[PDB]
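Colleague: To kick things off, part of the complex as it is:
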Amino acid sequence: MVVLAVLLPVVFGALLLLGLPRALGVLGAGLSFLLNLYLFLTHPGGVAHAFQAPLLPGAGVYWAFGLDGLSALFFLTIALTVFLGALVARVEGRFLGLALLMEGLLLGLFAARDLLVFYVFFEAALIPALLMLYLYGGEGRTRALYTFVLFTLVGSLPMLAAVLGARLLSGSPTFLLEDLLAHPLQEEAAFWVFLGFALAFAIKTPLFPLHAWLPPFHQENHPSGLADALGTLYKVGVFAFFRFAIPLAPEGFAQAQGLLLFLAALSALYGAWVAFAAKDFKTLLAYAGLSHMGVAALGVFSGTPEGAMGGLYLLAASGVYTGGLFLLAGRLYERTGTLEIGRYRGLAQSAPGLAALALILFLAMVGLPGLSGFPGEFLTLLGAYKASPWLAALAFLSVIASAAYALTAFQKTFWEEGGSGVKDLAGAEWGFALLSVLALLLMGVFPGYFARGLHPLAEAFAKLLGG
């Protein structure tokens, strides 16, 4: 059942940290991958395997779990990405444990069927992230850490008032999501609570003015970018919005919608555009992530089930291809020793199939049809265009800037005249590669099958904004 799939990477990570050796946590992430996939296939529906247990009975906090049409793949996606992180890896700190921990944590995050437990996981995921940051490398480790951590925390602590306000002002008996939705908040109560959800959710999305933490985080982790790959699976803001923020207090979102769509747009454009100027992989992938999130959020904010489904989908898959690009970047680090874009040009003749792998990944990134990005990007386009067309448009001078940065990077890294020559592919990197390509191709070619669970949620919570 659900809780097992939730817990599996968590235990394996501990067994990696204190435990020996490094190798086992790899198949740990693999096992998580397989089970999460197993729950993905055989799903009955919204309930799946339901879980309820007392936590603070008197407070009204209970352990509440299950797989939605949403929670779903996100187990598969996260399990996957983190698995690649485990295998291809090479951080191998014995903090691949810190990674498996972080994976499991995120799994618990998506499965939360009640608000306060969700809150709990939401705050908990911070620690390995800061650790695999801090003690697992970087010179500017401590300041980047205070940046990432304090942004998240300053965002977070006030939300507890809203999560209290959501329960307390609505007179909801418990923190159970069902219950909370069953008692809607009124005008200028739902306002404040939605706002309090909206700050913590916006800063973790990220949207335009609040993204300033993202480039420093990804730079200073262990260069393979296991910590980074898991950091991107931590970008969960959109999911939190659609699942929690909007449905618990939609009346406020009705007011905020214009601004949110705008910010999503400007995040997308600015993100892809600024990404161009980036001189290193960490920064580049950061701004790119910002653009994608812009798109997703744009999709969600429009109402319009089309756009929303596009947003959540784009999120799910971009976790995978972004995390993949991170691990890949680290793997070329270990063989070279540098994350710089300009130096060490020749690769493509020197590297037999990497050009193909990295290319596949980047194609998935720019949102080319047949790969994971396009379905989400497109459906998003549709919905964004439905609510505010202009913001869909501004947001969609994205594809231009996106192809720009992605192709510039790919060319200057791979295509040109020979250097010394490079190591071909690692045995971990092969599993990484093939599995990656499989994921990207399958989510790209059959956007129907994945995201079918997204479809009921999409239109229902869109009509939630209706009469």
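Modeller: Here it is on my side, so go on. Numbers count the residues shown, from 1 in each chain, chains lettered A, B, ... in the order given.
Colleague: before we move on, which element is residue A:128 in?
Modeller: Using DSSP states H and E, residue A:128 maps to helix A:126-134.
Colleague: Check which element follows that helix along the chain.
Modeller: helix A:141-168.
Colleague: residues making contact with the helix holding residue A:128?
Modeller: Contact partners of helix A:126-134, identified using Cβ atoms under 8 Å, 6 or more residues apart in numbering, comprise A:13, A:91, A:93, A:95, A:98-99, A:101-102, A:105, A:141-142, A:144-145, A:148-149, A:152-153, A:217, A:220-222, A:226-227, A:230-231, A:234. For every residue, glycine as well, the C-beta is placed using N, CA and C.
Colleague: Filter the residues you listed down to the buried ones.
Modeller: A:13, A:91, A:93, A:95, A:98-99, A:101-102, A:105, A:141, A:144-145, A:148-149, A:152, A:217, A:220-222, A:226-227, A:230-231, A:234 (16 or more other Cβ atoms under 10 Å).
Colleague: Which of these fall in helices?
Modeller: The helices, defined by DSSP state H, take in A:13, A:98-99, A:101-102, A:105, A:141, A:144-145, A:148-149, A:152, A:217, A:220, A:226-227, A:230-231 from the buried ones among the contacts of helix A:126-134.
Colleague: Give me the neighbour count for residue A:124.
Modeller: The local packing of residue A:124 (other Cβ atoms under 10 Å) involves 14 other residues.
Colleague: now it: how far from residue A:234?
Modeller: For residue A:124, the distance to residue A:234 equals 11 Å [Cβ to Cβ, to the nearest Å].
Colleague: Identify all contacting residues around stretch A:273-290.
Modeller: With Cβ under 8 Å, 6+ apart as the contact definition, stretch A:273-290 has outside contacts at A:206, A:211, A:214-215, A:217-219, A:225, A:228, A:232, A:235, A:267, A:270-272, A:291, A:318, A:322, A:325-326, A:329, A:339-342, A:365, A:397, A:401-402, A:404-406, A:408-409.
Colleague: tack on chain B:
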Amino acid sequence: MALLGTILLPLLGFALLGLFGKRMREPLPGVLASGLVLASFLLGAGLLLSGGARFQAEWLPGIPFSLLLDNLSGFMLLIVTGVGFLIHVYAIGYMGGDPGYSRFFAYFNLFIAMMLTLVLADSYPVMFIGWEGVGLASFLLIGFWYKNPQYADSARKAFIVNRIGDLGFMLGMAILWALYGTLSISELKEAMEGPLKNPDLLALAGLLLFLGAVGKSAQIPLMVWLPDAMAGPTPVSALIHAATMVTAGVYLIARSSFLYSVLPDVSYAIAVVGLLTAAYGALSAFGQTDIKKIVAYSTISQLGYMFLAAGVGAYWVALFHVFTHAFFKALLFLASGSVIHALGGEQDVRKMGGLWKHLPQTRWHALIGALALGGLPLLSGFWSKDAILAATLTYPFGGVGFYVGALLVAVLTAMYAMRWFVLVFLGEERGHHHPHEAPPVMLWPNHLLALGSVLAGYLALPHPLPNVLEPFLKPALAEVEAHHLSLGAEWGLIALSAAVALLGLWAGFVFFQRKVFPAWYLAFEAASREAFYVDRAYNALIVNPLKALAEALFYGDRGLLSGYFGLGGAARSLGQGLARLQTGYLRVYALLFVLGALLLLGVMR
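Modeller: Chain B, in position alongside the others:
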């Protein structure tokens, strides 16, 4: 399901040659590729002759995966797979001793599969899969020899400028979702019959579809991307400029014949842009001192011709030109390609000349080609060209200003073709070549291309001579009409096209023989060689400024981060002001104490 096979074979093959392919002997990736392409054409023509085909499949909700194979789709499919196959075999020839044979033919199969995906679509997002896909495979082939810096950036520019168009395409596609909600071309057309609704928005959607088309068919302003596509191996340039790619620019309009046939403004503009593209491409054509580029400008010009056709509501005519052109352009490019396999890629004009006697059988090829492009009175390019010239006058949207212009453009398209052939094959000698020149598997299909060139021809002949093509094209899709036609004067018109073209070819023969090239014209040769200085202007307020704005916004973002640090320090500071509040003197603590307490008791009321 059988319909999907056509697409599947040169993917399965592509996948063999990309994945393995280097595991194959030097002929074999070419043999596989050309083999899978061979029965794609074949095994899809089986479908076409059997009356039609349909496919519908699971995809994004509301947008199923729908392939419709009808007359309009079949015509394109036969062109693409046939000429494409010829180019596959030719590529078996011209690619030799070059590593990544695998890579090449993988890319080739892949390309074929993608185009088949594009033209067979009953839904616009499937069509879009086609679009972005074909753009991608172009990118991939153009950079095939990657060790060169110049042929890298080419493809980058391609896919960027092109993605501007794809963005238009996406936008227009989103426009017709909010509107109708189908996005399947058949039901989207059946939904567009009758009164319509909100005409401004429809015109916008079609206009963005066109903004895409401009990119894909290399019209103005996005014209600029095509000339640099010379970089890739010549049969790649053959595939792009003739049998694939730009043609889809026209095809998108042709399937959308239903959409544009109700849009007078947009169609007027389409014809305008077609005319300007033709004229531009033709004027700047001859000044070119390179053999490849000088042909590429004829590509641009002739596609301009087609867009002029599809502009005034003559869709089948635009497709006629597409057909004839598909023959004679492929002929030209494969010719020129053969030429520089002989000089070891010397690929120059002023460094060339006087190849007539020394080159057997090639002279015939390039001559047939340049004459068809010139629109020689009995040859394909002729029939297509005045099919268009007449369609100008006869069809709606008026063609009066357009006719004369297009006729002058016919003069120039004659002239530059002749400069090409003259400067290449005549006028003394420069350089070096020794024994073999043409191998068997190049000129053998190139011959067939010359054949098709001459006889594409009479498939549509002005009306008493049978119009075989028009009925084929009109019913299945390309639906709506409203045209007058006239006679006795009309053969006068055909006579005019013939006479004017004939005059133009010879004027071209002498001038571009000349040697005086007198006065202003040399400046004209500079400007035409430099493409009338467009790119310099695109990096003026467009490219370099956007590039700089990336940086500007970057530094802005950096500064943002720094300001946040500013807040951190503000809280720190405030904090130590509060920590400065404690001096350490007891009397200080006592006074601060009583102070605080009075503050509280004050608060209590």
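Colleague: quick recheck of the neighbour count of residue A:124 now chain B is there?
Modeller: 14 (other Cβ atoms under 10 Å in any protein chain shown).
Colleague: residues in contact with the closest residue to it other than its chain neighbours?
Modeller: In space, and not counting its chain neighbours, residue A:124 is closest to residue A:105: 5.9 Å by Cβ to Cβ, 6 or more residues apart in numbering or on different chains. For residue A:105, the contacting residues are A:10, A:121, A:124-125, A:128, by Cβ atoms under 8 Å, 6 or more residues apart in numbering or on different chains.
Colleague: Quick one, which of these are buried?
Modeller: A:10, A:121, A:125, A:128 (16 or more other Cβ atoms under 10 Å in any protein chain shown).
Colleague: which two in the residues you listed are spaced the farthest apart?
Modeller: Using Cβ to Cβ, the two most remote members of the buried ones among the contacts of residue A:105 are A:121 and A:128, lying 12.7 Å apart.
Colleague: hang on, the earlier thing: let me have the buried ones among the contacts of residue A:105 in a markdown table, adding distance to residue A:445 as columns.
Modeller: As requested, the buried ones among the contacts of residue A:105 are exported to a markdown table (distance: Cβ to Cβ, whole Å):
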| residue | distance to residue A:445 |
| --- | --- |
| A:10 | 33 |
| A:121 | 33 |
| A:125 | 32 |
| A:128 | 34 |
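Colleague: any idea which of the residues you listed is closest to chain B?
Modeller: Distance to chain B, by Cβ to the nearest Cβ, is smallest for residue A:125 among those, at 22.0 Å.
Colleague: ok, now which ones touch the closest one?
Modeller: A:102, A:105-106, A:109, A:234.
Colleague: Tell me the helix or strand right after the helix or strand hosting residue B:298.
Modeller: Take DSSP H and E as the rule and residue B:298 turns out to sit in helix B:291-311. Downstream of helix B:291-311, the first helix or strand assigned by DSSP H and E is helix B:315-342.
Colleague: Pull out the buried residues from the helix or strand that that following helix is followed by.
Modeller: Scanning forward in sequence from helix B:315-342 by DSSP H and E, the next helix or strand is helix B:362-374. The neighbour-count check on helix B:362-374 (16+ other Cβ under 10 Å) flags B:362-363, B:365-374 as buried.
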